[PDB]
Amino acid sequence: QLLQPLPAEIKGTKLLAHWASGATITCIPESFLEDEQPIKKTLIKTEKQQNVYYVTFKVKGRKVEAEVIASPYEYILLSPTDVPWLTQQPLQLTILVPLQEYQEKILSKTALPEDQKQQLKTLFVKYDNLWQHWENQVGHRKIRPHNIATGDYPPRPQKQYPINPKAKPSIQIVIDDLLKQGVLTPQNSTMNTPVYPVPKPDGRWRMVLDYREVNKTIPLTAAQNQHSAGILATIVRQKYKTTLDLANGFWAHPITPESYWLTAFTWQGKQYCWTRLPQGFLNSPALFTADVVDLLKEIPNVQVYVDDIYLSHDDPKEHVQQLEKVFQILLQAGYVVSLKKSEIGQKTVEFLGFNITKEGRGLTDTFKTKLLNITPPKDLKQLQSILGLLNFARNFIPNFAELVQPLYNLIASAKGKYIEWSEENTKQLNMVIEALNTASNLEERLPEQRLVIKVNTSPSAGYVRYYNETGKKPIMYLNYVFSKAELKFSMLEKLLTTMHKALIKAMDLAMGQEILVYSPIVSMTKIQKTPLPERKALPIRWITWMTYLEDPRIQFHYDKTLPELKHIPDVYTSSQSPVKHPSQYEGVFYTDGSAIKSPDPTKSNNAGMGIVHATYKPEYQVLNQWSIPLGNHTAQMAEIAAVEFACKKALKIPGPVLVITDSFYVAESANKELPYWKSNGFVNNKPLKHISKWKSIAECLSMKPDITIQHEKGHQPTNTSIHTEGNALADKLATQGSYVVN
């Protein structure tokens, strides 16, 4: 548990002892007390009677004589009396995690009222032993050790190839910590497993075991929890939502001493074995999750997939009451929670087993059906991709040949491998999409025909088409938004996470009908054999992906007519179409800019912008004011540079903010022109200072998209809205700076 294990040898074989606090005598693993003769026989309430012995053993090299009983466990429960010299000391591993930055981060983003928010800040301390304090820290689970030695024909040992030495230092720490905790034991074995290193965003590296050779031997003989699909159907979305990431829980379940040889691996010419369940093993996710489910059975609403846990209660007070009940269970069992990726008491959770963020109160996940806009292609190869993409809608769209005709005429126009794109063509393309958004082309779902799903993906997002098996029109298209982590995935994994998000909505439309999925992938079996270093997603992703093949209701077919969508341009995402109230934003930024006639005839101009930071959470208040002269520039430039300053100051505040411009051109450009100027490369603006200002705004929004931009004329507004009052102050500051000369 929280006490550091102590190295000890009893009968030649090394073992570990744990300082106990109970007054009961020392327990010893059962396999050593068979040969020994019993002194007497006593019964224990917490009544079964067991034999009593008196054996000698070494603790840290010093022999110890004590009256002992048996223990079904693999550790030596050490009575404090028998060892008066040795004192209890807490566990001390290598690296201490930044636990205070984690808790302050969770307290910041919590959507709970300040009343319950202080209860949580108190719950950090009462259950301090529950959170993960050390890196690679694991907990002990007082459970009957698992037997994973199923199957009479053992697998063949794999030779260990040299690995990257740049990863050895960061991994040897983990080897030391697990050895220190007894998670790893030095022991030769018949089986050997390859080990692979993969980098971590912080610069260090984590090791990966290749257990697919042992999994082909071990048969599937365990009760599987509801899979990704079955869990997501029974969920209950209430007011607040909370997710708790465990610290590799399979490292908490110990395996039987007989099964240690199976999990063996070679590190630095030395062979080690696993005391606990290892990650990448066949039955580790199932054996671990089942235990977790029983504990969470008592809670009214819960869902557990792998490490992640889900809790959603509508009552603010009851969410915290159940949350404390969750913590006691996890602390009493010996589980360890990582506050690095945990999310507590938020209106939406970023990840709940599935990659989709969960908002609202809906038992079934909802997502936008309609396809999204596409940025103009920069090259011919990116324009040929989108044409062969729309080729499917020829057989059921009347105006198709008429609305696509202009784009065909544009390709042969230049004939110089460079293509010129007109702004109206961008609007024409937007019309092509709106035709698909119209429910005419949308066929109706038929409960008789099976559900056909055609899946392809672009570097920016995926494209999913739900069909009827005979129908020429699709029931409904589906376009999934890639998260910042999924964009890092390889192209093959972008398809798989796309299919994952597509089979979710298919369950709603299945209605007891088998589902056939067509995909550019030729063989599903070959995909499981895809090499490991090419997978750039978490194993939780692949397990979640592979668990869907086993369903006989779903079948996957290779489709040749699916085109290549690697050169598909970026999907146009609009953060301005949703409008949010100014009170819910954490920060409000009013901007403005003026430019009177310069006194000097040479400059001929003078500018001055104004910035106001306002917060509406408690009442209408202003944090700071700013009034800056900009020299000879455009009045709109003063209104252009006014938001570049405001965009930066929002980065220091992690939360929803809103910037407001008196200018029409600024807000409209940030909504439609900015997604263009990014891909446009700022071509044919405007000399160089003008372009640098727009890029800086684009990059600032790239680092934090939580920034929304509105626009309000505010011409002689007596008291139109409570919002225009703050903008009247910003225009005052912009005017003051415009009147000041250097």
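Residue positions are given as counts along the sequence shown, with the first one as 1.
- Counting the unmodelled positions of the deposited sequence between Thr46 and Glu47 gives a small gap of 1 to 3 residues.
- Counting the deposited residues that fall between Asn685 and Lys686 and carry no coordinates gives a value of 1 to 3.
- Averaged over Cα atoms, the B-factor as recorded in the entry is higher for 716-724 than for the other of 716-724 and 17-25.
- The PDB entry reports B-factors from which the mean C-alpha value can be compared for 176-184 and 141-149; the larger average falls on 141-149.
- When the C-alpha B-factors of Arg156, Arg276, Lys488, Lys415 are read from the PDB record, the largest value belongs to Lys415.
- Based on the entry's C-alpha B-factors, the most elevated value among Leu674, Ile69, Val59, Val55 belongs to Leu674.
- Remark: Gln271 belongs to the lowest third of its chain, ranked by C-alpha B-factor as recorded.
- Per the PDB record, residue ranking by Cα B-factor puts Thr735 in the highest third of the chain.
- In the PDB entry, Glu699 places in the highest third of its chain by CA B-factor.
- The entry lists a Cα temperature factor for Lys347 that places it in the middle third of the chain's modelled residues.
- Among the modelled residues of the chain, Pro474 sits in the middle third by CA temperature factor in this PDB entry.
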